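Before any comments, here is the structure.
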Amino acid sequence: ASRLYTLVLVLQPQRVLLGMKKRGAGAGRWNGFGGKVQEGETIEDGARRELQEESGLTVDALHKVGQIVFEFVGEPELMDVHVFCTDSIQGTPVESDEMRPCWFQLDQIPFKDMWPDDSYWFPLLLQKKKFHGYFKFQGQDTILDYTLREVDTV
Ligand SMILES: Nc1nc2ncccc2[nH]1
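Using the authors' numbering, the first residue of the sequence shown is number 3, and each one after it goes up by one.
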């Protein structure tokens with residue numbers, strides 16, 4: 003019982019784009035851009051669509067970098083998050099009622115204001131490693147258990 007989500011990191015040689023979510027799921031935290039995959043839509047097409055919706059940016063090729071499954075205790079559905087990165091975008095990041103984008107130098111990624119699991123897998127993304135992870139959460143702040151391994155094929 004899992005539901006598909008996407009997550010896109012615009013990762014350039016010296017900086018990464020994140021968005022401050024203003025409401026709803028994950029509000030108040032910096033995040034990549036993504037959301038639910040639609041009926042009849044490929045995961046990658048969903049990732050490209052959500053990047054545009056949430057950041058205003060157009061991406062062509064997206065590179066698969068990981069899969070992370072999230073369990074929230076007390077919630078039936080697991081989140082099956084397909085993570086992608088890109089270094090070539092078009093457009094300029096757009097602030098909307100839903101998200102405030104902002105570039106971060108790689109040594110200044112705001113982990114204290116991000117979901118706590120990101121501290122584990124972001125360093126792999128930064129070194130161009132691919133991964134499979136699982137995180138069991140209680141609430142939005144507490145990781146009860148996790149696994150995380152590097153893979154050759156996402
Ligand atoms: N970047 C990111 N980390 C997350 N952790 C748990 C749920 C959703 C998440 N999005």
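Where is the CB? At the ideal position from N, CA and C, for every residue including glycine.
field: For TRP105, the three-state DSSP class (helix, strand or coil)
entry: Position 103 of the sequence shown, counted from the first residue, corresponds to residue 105. DSSP places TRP105 in strand when its eight states are reduced to three.
field: Whole beta strand (DSSP E) elements within the segment 55 to 83, 3-residue minimum
entry: 65 to 74
- prompt: Closer than 7 Å: is that where the CB of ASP82 sits relative to any heavy atom of ligand 1?
  reply: Taking the sequence shown and counting its residues from 1, one reaches residue 82 at position 80. No, the Cβ of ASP82 stays beyond 7 Å of every heavy atom of ligand 1.
8 Å Cβ cutoff met for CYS87 and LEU20: Start at 1 with the first residue of the sequence shown, and residue 87 comes out as number 85. Start at 1 with the first residue of the sequence shown, and residue 20 comes out as number 18. For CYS87 and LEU20, no; Cβs fall outside 8 Å.
- prompt: If you check the beta carbons only, do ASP82 and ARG5 fall under 8 Å apart?
  reply: As a first step, residue 82 must be located in the sequence shown, where it is residue number 80. As a first step, residue 5 must be located in the sequence shown, where it is residue number 3. The Cβ-Cβ distance between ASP82 and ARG5 falls below 8 Å.
- prompt: DSSP beta-bridge partners for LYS132?
  reply: What you label residue 132 is simply residue 130 of the sequence shown in a count that begins at 1. Looking at the DSSP assignment, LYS132 forms a beta bridge with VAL153.
- request: Determine the DSSP secondary structure at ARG5, reduced to helix, strand or coil.
  value: On the sequence shown, position 3 is the one that residue 5 refers to. In the structure shown, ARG5 adopts extended strand secondary structure according to DSSP, grouped into three states.
query: Hey, how far is the Cα of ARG102 from the Cα of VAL153?
result: The residue given as residue 102 occupies position 100 in the sequence shown. The residue given as residue 153 occupies position 151 in the sequence shown. Each residue's alpha carbon lies about 32 Å from the other.
- request: If I'm right that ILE145 touches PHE137 with Cβ under 8 Å, what's the distance once you round it to whole angstroms?
  value: Here the question's residue 145 lines up with position 143 in the sequence shown. Here the question's residue 137 lines up with position 135 in the sequence shown. About 6 Å; that satisfies the 8 Å criterion.
- prompt: Less than 7 Å between the CB of residue 163 and some heavy atom of ligand 1, yes or no?
  reply: Limits of the chain in this structure are 3 at one end and 156 at the other, which puts residue 163 out of reach.
query: Taking all protein chains shown into account, do 16 or more other C-beta atoms lie within 10 angstroms of the C-beta of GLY42, making it buried, or fewer, making it exposed?
result: Locating residue 42 in the sequence shown gives position 40, counting from the first residue. Answer is exposed; the Cβ neighbour count stays below 16.
- request: Reducing DSSP to helix, strand and coil, say where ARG51 ends up.
  value: Translated into positions along the sequence shown, residue 51 becomes position 49. Helix at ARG51.
- prompt: Which one or two residues does DSSP pair with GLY21 in a beta bridge?
  reply: Locating residue 21 in the sequence shown gives position 19, where the first residue counts as 1. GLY21 pairs with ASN33, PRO103.
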